[PDB]
Number of protein chains: 2
Amino acid sequence: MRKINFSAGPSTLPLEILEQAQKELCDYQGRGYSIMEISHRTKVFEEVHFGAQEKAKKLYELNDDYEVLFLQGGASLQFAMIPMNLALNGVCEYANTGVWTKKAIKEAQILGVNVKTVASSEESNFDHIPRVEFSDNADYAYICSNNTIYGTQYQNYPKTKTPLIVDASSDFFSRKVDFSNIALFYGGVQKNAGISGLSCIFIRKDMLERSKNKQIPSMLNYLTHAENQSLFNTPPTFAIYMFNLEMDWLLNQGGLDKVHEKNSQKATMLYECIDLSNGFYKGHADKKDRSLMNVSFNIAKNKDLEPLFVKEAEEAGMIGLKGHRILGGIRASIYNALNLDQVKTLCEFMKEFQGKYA
Amino acid sequence: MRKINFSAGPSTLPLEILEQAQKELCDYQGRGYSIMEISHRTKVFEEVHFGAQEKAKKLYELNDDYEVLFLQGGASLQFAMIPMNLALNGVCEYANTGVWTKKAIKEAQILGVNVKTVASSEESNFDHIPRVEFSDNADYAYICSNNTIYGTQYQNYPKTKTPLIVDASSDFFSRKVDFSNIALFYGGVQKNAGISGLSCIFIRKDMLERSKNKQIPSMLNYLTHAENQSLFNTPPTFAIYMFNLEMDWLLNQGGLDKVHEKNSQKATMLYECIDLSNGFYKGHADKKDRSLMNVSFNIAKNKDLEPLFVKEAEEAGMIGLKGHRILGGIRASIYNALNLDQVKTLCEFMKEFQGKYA
């Protein structure tokens with residue numbers, strides 16, 4: 001009797017991946033030990049480690065210009081590694097689209113990077129992606145692809161000669177992406193690619209050249225992890241094992257275009273539920289910028305109905321719906337592992353709740 | 001058919017913890033979701049998270065002079081965070097006893113810390129703990145409690161007025177410890193405390209004061225984590241729940257004295273097997289400094305017999321015995337989760353192997 005789980009992160013996992021991990025938790029593939037229980041420096045772990053790097057690259061159709069790194073510390077460590085590694089004497093340009101770019105900006109500033117916020121939707125309470133124009137000569141250009149709290153998402157990434165850096169945590173592996181100008185593309189794994197404690201970084205070879213000329217701690221150095229293929233120290237073996245099952249699961253589904261079609265179907269139906277509610281529900285996001293991953297909305301007339309909505313949802317087996325504190329209201333996260341039928345259950349519940357409380 | 005697993009890290013886990021985790025992997029406490037699948041800021045994760053902190057403190061009989069922090073990045077990240085937070089304009093004293101101390105030394109130097117190596121075992125290939133004299137006015141004094149590769153272990157920690165930093169990764173929760181002048185006590189958790197991807201830091205309050213005046217990235221700042229109760233970002237929730245099951249397991253055994261006495265029994269039996277072998281097996285470590293955790297030895301009169309030893313041990317159901325490349329030979333890790341019967345099984349193998357090949 002598993003709950004339908006709309007948590008924004010950590011988030012629900014495909015049941016078949018959970019089932020596989022359960023059935024072999026004490027005895028991986030009959031080898032007589034848990035995947036959790038051996039050295040990373042074994043043929044067996046390597047198979048998983050290097051198979052995951054390759055499948056990630058296949059899903060995104062990445063070429064040999066990129067390395068796939070598996071690091072610890074979630075996306076937040078990246079806010080610091082990114083500037084530490086890829087910064088030079090130049091300007092580092094950032095587009096401010098939510099809580100997570102504010103944080104990233106603060107960390108670079110802490111590191112004493114010359115930071116320029118070239119655009120921002122903060123005034124409007126981050127309810128849209130502003131027009132972003134990067135300069136062509138910056139050290140790098142930084143965006144957050146999908147703003148988890150506000151429920152906004154870039155439709156197209158900005159075009160620039162400047163190396164583009166993308167925090168794709170909450171839309172990771174959700175759709176095909178144009179890497180033409182992308183120098184680094186990364187995500188906390190725990191939204192759309194597994195479990196927490198693992199981050200997956202796609203880094204372009206020219207960026208690694210930048211790490212090489214930097215004198216920073218090994219653990220914080222991209223080049224160090226590259227040369228050691230993300231086994232400089234112990235990686236999160238279990239997490240990588242889960243990522244790898246996730247990769248297979250994404251492959252067995254038809255790849256990122258298939259995943260993206262299912263996601264669009266789910267989002268369309270949920271946003272239609274909002275728009276056809278005769279104004280009883282209202283979304284935070286500008287329609288042009290509506291995220292496919294995180295749907296943030298309010299009960300427009302009566303905020304006091306929101307904690308009631310959440311509790312009745314729970315009583316009806318749907319969890320994780322409370323909006324983030326910074327914003328309030330409701331947030332339905334409908335990541336890859338959530339299916340169209342579960343979103344329909346939420347939609348029927350929303351109609352019923354309105355019929356009851358309008 | 002579970003193997004007897006002597007891996008040095010990640011290491012074997014108490015089968016009863018694995019069986020619990022397996023059992024409730026899809027449905028934690030019958031609540032309708034996996035422990036891996038919900039938010040860190042629910043009352044359900046918080047109970048596990050904060051319970052683990054308290055019990056860790058209980059096992060070491062620590063008071064409120066210490067905070068327990070749960071961080072990502074293994075011990076290796078600590079090689080950097082330690083001098084980034086705790087270093088001052090003074091000199092930072094290190095005792096060199098193994099590969100992990102050499103690494104820690106290098107990382108502090110990379111950060112331009114004034115490092116003094118006050119003692120070193122390197123000349124004799126780290127086969128003993130040298131005599132360690134720390135000055136009384138340094139910023140901190142750093143030691144590695146148990147040197148995993150060489151099989152040496154401090155019997156008593158150096159006494160000094162300088163704040164003592166201890167890397168206890170490979171003997172964590174193995175024995176009681178005198179914290180009289182310990183300012184920070186830490187470990188990568190996957191030797192005795194669960195799974196990789198989690199580190200447990202015990203940090204004395206006066207140390208956090210030093211962090212308070214540092215201008216460093218939030219993720220790398222001890223005070224940031226203390227202030228946010230190790231929930232500044234998404235902690236590795238699975239790892240932390242595993243740790244908590246470990247903590248309950250240690251408590252159910254009678255605490256650290258009982259654990260240590262079981263470990264002395266096991267190590268005493270292995271070392272006897274080596275010592276009574278009429279020279280056939282020989283240990284790397286000087287006897288006074290023999291580790292209770294990692295027993296590193298060679299086949300004295302025939303190196304070429306070692307890979308045979310490993311393979312035969314394997315077919316006899318025992319894994320993880322290959323020594324580290326740096327030393328070769330054989331290495332039996334006998335962490336808490338290994339029992340004396342398993343150490344008896346290896347001794348009988350050792351006797352049979354000798355009979356065959358001597």
Side-chain angles (χ1 to χ4, degrees), chain A residues 17 20-57 67-72 189 193-201 219 224-249, chain B residues 2-13 18 21-22 36 72-76 148-149 169-170 188-191 193-199 236 238-239 242 310-311 313-314 317-326 331 333 335 337:
Chain A
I17 282 177
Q20 158 82 350
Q22 185 189 33
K23 64 217 277 183
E24 77 182 348
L25 203 66
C26 305
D27 187 32
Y28 172 71
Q29 290 180 356
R31 326 296 210 114
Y33 53 84
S34 179
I35 192 37
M36 255 170 290
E37 282 183 319
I38 43 44
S39 194
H40 46 299
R41 323 268 196 173
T42 44
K43 162 200 299 180
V44 176
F45 179 78
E46 282 178 50
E47 203 162 292
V48 177
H49 187 79
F50 298 110
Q53 282 179 8
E54 186 181 16
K55 296 156 187 170
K57 267 142 82 61
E67 287 303 305
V68 184
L69 308 183
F70 292 142
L71 314 178
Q72 307 190 25
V189 129
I195 77 167
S196 42
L198 178 63
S199 71
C200 177
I201 292 62
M219 282 297 298
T224 291
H225 297 273
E227 290 178 331
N228 290 97
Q229 301 104 291
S230 294
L231 303 162
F232 169 74
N233 71 328
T234 317
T237 51
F238 189 63
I240 290 179
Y241 153 91
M242 296 289 292
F243 188 81
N244 186 60
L245 297 185
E246 268 254 306
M247 294 313 100
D248 292 327
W249 180 81
Chain B
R2 202 132 154 92
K3 307 250 172 292
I4 306 177
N5 177 4
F6 295 98
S7 307
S11 53
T12 198
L13 300 158
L18 286 176
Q22 178 174 54
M36 318 183 79
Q72 303 186 50
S76 283
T148 316
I149 289 170
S169 300
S170 56
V189 134
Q190 73 282 24
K191 275 82 153 152
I195 78 153
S196 59
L198 176 57
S199 312
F238 196 55
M242 226 58 193
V310 175
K311 196 282 297 194
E314 202 173 321
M318 278 166 302
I319 68 174
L321 294 157
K322 178 173 177 185
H324 191 274
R325 334 189 86 249
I326 301 210
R331 174 221 233 165
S333 297
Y335 299 129

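Each chain gets a letter, A, B and so on, in the order its sequence line appears, and its residues count up from 1.
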Min side-chain heavy-atom separation B/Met242-B/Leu18 under 4.5 Å | yes
Which atom of B/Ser199 lies closest to which atom of B/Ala75, heavy atoms considered = OG-N, 3.8 Å
Inter-residue atom distance A/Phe70.CZ - A/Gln53.CD, 0.5 Å rounding | 5.0 Å
B/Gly73 backbone acceptor or donor facing A/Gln72 side chain under 3.5 Å | yes
Where does the angle between the aromatic ring planes of A/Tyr33 and A/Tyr28 fall among parallel (under 30°), tilted (30 to 60°) and perpendicular (over 60°)?
-> tilted
Donor-acceptor pair, side chain of B/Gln22 and main chain of A/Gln22, under 3.5 angstrom | yes
Using modelled atom types only, decide if a donor and an acceptor are shared between the side chain of A/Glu246 and the backbone of A/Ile17 within a distance under 3.5 Å.
-> no
Just by distance, do the side chain of A/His49 and the backbone of A/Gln229 share a donor-acceptor pair under 3.5 Å?
-> yes
Under 3.5 Å: donor-acceptor pair, side chain of A/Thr234, backbone of B/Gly197 | no
Taking all heavy atoms of A/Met247 and all of A/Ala52, pick out the closest pair and write down the distance.
-> CG-O, 4.0 Å
Just how far is it from atom NZ of A/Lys55 to atom CH2 of A/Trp249, taken to the nearest 0.5 Å?
-> 14.5 Å
If you draw a 6.0 Å radius around CD in A/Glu54, do more than 12 non-hydrogen atoms from other residues or ligands fall strictly inside?
-> no
Identify the heavy atoms of A/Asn244 and A/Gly51 that sit nearest to each other, and give their distance.
-> OD1-C, 3.6 Å
Note, A/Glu37 side chain near B/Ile319 side chain (heavy atom, < 4.5 Å) | no
Do the non-hydrogen side-chain atoms of B/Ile195 and B/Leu13 ever get within less than 4.5 Å of each other?
-> yes
Do side-chain atoms of A/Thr237 reach the backbone of A/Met36 as a donor and acceptor pair under 3.5 angstrom?
-> no
Find the distance between CG (B/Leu321) and CG (B/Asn5) and round it off to the nearest 0.5 Å.
-> 9.0 Å
Is any side-chain heavy atom of A/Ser230 less than 4.5 Å from a side-chain heavy atom of A/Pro235?
-> no
Specify whether A/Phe238 and A/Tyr241 have parallel, tilted or perpendicular ring planes, treating 30° as the upper limit for parallel and 60° as the lower limit for perpendicular.
-> parallel
Heavy-atom closest pair (A/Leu25 atom, A/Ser34 atom, distance to 0.1 Å) is O-OG, 2.6 Å
Quick one: are B/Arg331 and B/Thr148 in side-chain contact, heavy atoms under 4.5 Å?
-> yes
Any side-chain heavy atom of A/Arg41 sitting closer than 4.5 Å to one from B/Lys322?
-> no
Of the non-hydrogen atoms in A/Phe243 and A/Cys200, which two are nearest, and what is the gap between them?
-> CZ-SG, 3.8 Å
Are A/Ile35 and A/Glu24 close enough, and set up right, to give a side-chain contact (heavy atoms from CB on, under 4.5 Å), and what steps lead you there?
-> CA-CA 8 Å; A/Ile35 192 37; A/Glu24 77 182 348; over 6 Å; no
Answer whether the closest heavy-atom distance between the side chains of A/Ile38 and A/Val44 falls below 4.5 Å.
-> no
Indicate the atoms forming the closest heavy-atom contact of B/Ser11 with B/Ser7, along with that distance.
-> CB-O, 3.8 Å
Are any side-chain N or O atoms of A/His225 and backbone N or O atoms of A/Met219, one a donor and one an acceptor, separated by less than 3.5 Å?
-> yes
Distance-only, no hydrogens or angles: does the A/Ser39 side chain make a donor-acceptor pair with backbone N or O of A/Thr42 under 3.5 Å?
-> no
